[PDB]
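Before any questions on binding or motion, here is one chain by itself as structure tokens, the form deposited in one PDB entry.
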């Protein structure tokens, strides 16, 4: 029946379905609402999920994880070459593509990243089918906002290989926002910050939501930071405590270290709801029982640099988004590590007491939003686009920002690009791109009769006026003579579709850097030439 949402996560994945007016996150065959994204190959079998993760220490070279770090990349990508150094499994280059290479039933086999991820998705699919008692075909799968076209397409292929029809690939932060219904809040646009701290990765995203349209303003984070690091601080703390008390270093013994790590992970979880946790390990090393405890404050101190460090990407995202912290309407906590009270406090204090949206299980929120969107996709007055004119060099100079309420009037003053320019061409464009080449021309007209003056002297006042019915009147006035000309541009056609708008916004995002570079290339901001830049011959 219904399509499922799937958070295909770096360490674990989660699947959910919107039914009977409610999202249900679906437990797997061991009763777990999240499934490790792990695939293991053995002499006899292929394990996926919990079974895979549980045996990793017995079969590490054959147990694959972190495929999401490879997916859609090229073997010689610096990220891949750096990541490979920390993985026990082999990654090899097949005609430029990374493949993970393993031993399976006594033979060497290799898989593309999207094949591995497809195996994880097959597991989630089957989990969903067990729960629903029917075949699951359609799905929405989520990816990090920073994923490029290659990574998105490879994630989609992973879905296709698994027998899923992927209705849409959507951004994790967007999923999170949908989960909290921040898109249904419609009113003036809202700036949302998604703070996603998982086991292995930390992503910060700033979105602006206007009229149901999500725009990613900025992304930042740390691809190497998560709960495991916090666990690791406690582990090392306790190794040192043991060495200090018993004069033995247990690091030599792998299993002892494993047992310690497990205990610290549990303790860390306890410290989110209690101010202390007890560690009890029988015969940790050399027959010595380790029974001790740790306070929340001590855990916080052990982590202080890591925790306080999470604010740095928040700050950078705010800068890149050209927003003051006070301009953030909604803060969303995603990822298990946001359960940590110090993290929540650090963040709330940074935001001056502002309340965080935490109520949805932070491990499940992305899947939740995905499930909602899947449901919608299986079924379940303001300006649509920025409006501006061409200025010298073909650059788009915006008079009215997308999603401005109408009626509206906006005026800006422009000048001439060259000496003794007799006229200016007023070329009215609509779109989110920096260069008019990439936007849509709605109309054009000339203001002639400009008295000869040095470049930059004449003052031409341009006015964009939109009435309640959305009819756009654009006029230019020579401020020295009062002479004027204008054009009327007819819009309400039902000519743009919500999808068109999302598309344009997303492309404007994809191209942001190139656009900026080309934007600030031209010296003066308000200069108008006498010709259409995009009709001018180039090589």
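Rigid core (definition): largest C-alpha set, two forms, superposition within 1.5 Å. Positions refer to the first chain, counted from 1. Residues that one form lacks are left out of the comparison.
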Other PDB entries, at least a third, lacking residue 430:
no
As a check of understanding, is residue 380 unmodelled in at least a third of the other compared entries that model its flanking residues?
yes
Enter the number of deposited residues without atomic coordinates between residue 467 and residue 468, binned as none, 1 to 3, 4 to 9, or 10 or more.
none
Between the two ranges 514-522 and 17-25, the one averaging a larger CA B factor in the entry
514-522
Quick check on the record: does 229-237 or 76-84 carry the larger mean Cα temperature factor?
76-84
Per the deposited B-factor column, the C-alpha that peaks among 142, 223, 420, 191 belongs to 420
Based on the PDB entry, the highest CA temperature factor among the options 113, 313, 199, 443 is that of 199
Divide the modelled residues of the chain into thirds by Cα B-factor and specify which third, lowest, middle or highest, holds residue 496.
highest
Could you say whether, by C-alpha temperature factor, residue 68 belongs to the lowest, middle or highest third of its chain?
lowest
Where the record places residue 263 (Cα B-factor, split into thirds across the chain)
highest
Considering every modelled residue of the chain and its Cα B-factor in the PDB entry, is residue 50 in the lowest, middle or highest third?
middle
On the chain's distribution of Cα B-factors, residue 176 falls within the third called lowest
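A second form of this protein, the form deposited in another entry, is not displayed here; the remarks below concern that form.
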Taking the rigid core as reference, does residue 524 move its C-alpha 2 Å or further between the shown form and the other one?
yes
Rigid core superposed, please list the runs of 3+ consecutive shared residues whose C-alphas all move by 2 Å or more between the shown form and the other one.
523-529, 534-539
